[PDB]
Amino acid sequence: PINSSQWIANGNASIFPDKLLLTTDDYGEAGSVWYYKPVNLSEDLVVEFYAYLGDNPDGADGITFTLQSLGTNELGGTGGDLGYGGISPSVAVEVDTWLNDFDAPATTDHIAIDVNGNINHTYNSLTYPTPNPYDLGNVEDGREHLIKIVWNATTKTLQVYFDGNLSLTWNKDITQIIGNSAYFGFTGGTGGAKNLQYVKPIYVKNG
């Protein structure tokens, strides 16, 4: 059900017939998988996918959905960088499964909006600004979670749903950050703690 010709894998990521593997259950990884064709952010974008964050609550580090206007070879840092940190220009929705000192004010596994490769929630809230991270409780439960991301190119808003629940919204024009065209894809990282991490894209609608 995945067409491997449409996806470009970097680092420790791999393309499988039914999933995009971001990290294996091993230390120090970074992986990214980009879709081969950019999207037009002067039109609406809806992305729905299942996310698997692992079966170890004491594991790490998490995944992103990322929009970025560089191209299909990009790979961000390992560990708490989630395979994303350092990528710019970009907007990411992270599902973060390890609390770093820079993760305040998160207190559990959390979902957050990051900008231009910055994974520090207080810096982003002071600079852009981005919303506070939203605590999910433990999502390293060995289950697939449904994530939906909605960009509205008329209101200039982003919504994020997790297991059917509205979790984050934002009113920044992301096209003023990354431009009107972007590649989309997924990243993950592991560090001194680890988890098997993957996504299963379900639906992408642009306009």
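Residue numbers run from 1 along the displayed sequence.
Colleague: Given the B-factors recorded for C-alpha atoms, which segment has the greater mean, 129-137 or 109-117?
Modeller: The entry gives the higher C-alpha B-factor average to 129-137.
Colleague: Mean Cα B factor from the PDB record: higher for 38-46, or higher for 60-68?
Modeller: Result: 38-46.
Colleague: Out of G188, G185, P17, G11, whose C-alpha atom has the biggest B factor in the entry?
Modeller: Answer for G188, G185, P17, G11: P17, with the highest C-alpha B-factor.
Colleague: Quick one: which of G179, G31, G28, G54 shows the highest Cα temperature factor in the PDB entry?
Modeller: The listed residue with the largest C-alpha B-factor is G54.
Colleague: Grab the CA temperature factor for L166 from the record and place it in the lowest, middle or highest third of its chain.
Modeller: It falls in the middle third of the chain.
Colleague: Can you tell me which third, lowest, middle or highest, the CA B-factor of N152 falls into for its chain?
Modeller: Ranked within chain, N152 CA B lands in the middle tercile.
Colleague: Compared with the other modelled residues in the chain, in which third is the CA B-factor of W98?
Modeller: Ranked within chain, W98 CA B lands in the middle tercile.
Colleague: Would you please rank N124 by its C-alpha temperature factor against the other modelled residues of its chain and give the third it falls in: lowest, middle or highest?
Modeller: Highest third - that is where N124 ends up once the chain's C-alpha B-factors are sorted.
Colleague: Going by the entry, which third of its chain does the Cα temperature factor of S88 land in?
Modeller: Middle third by C-alpha B-factor.
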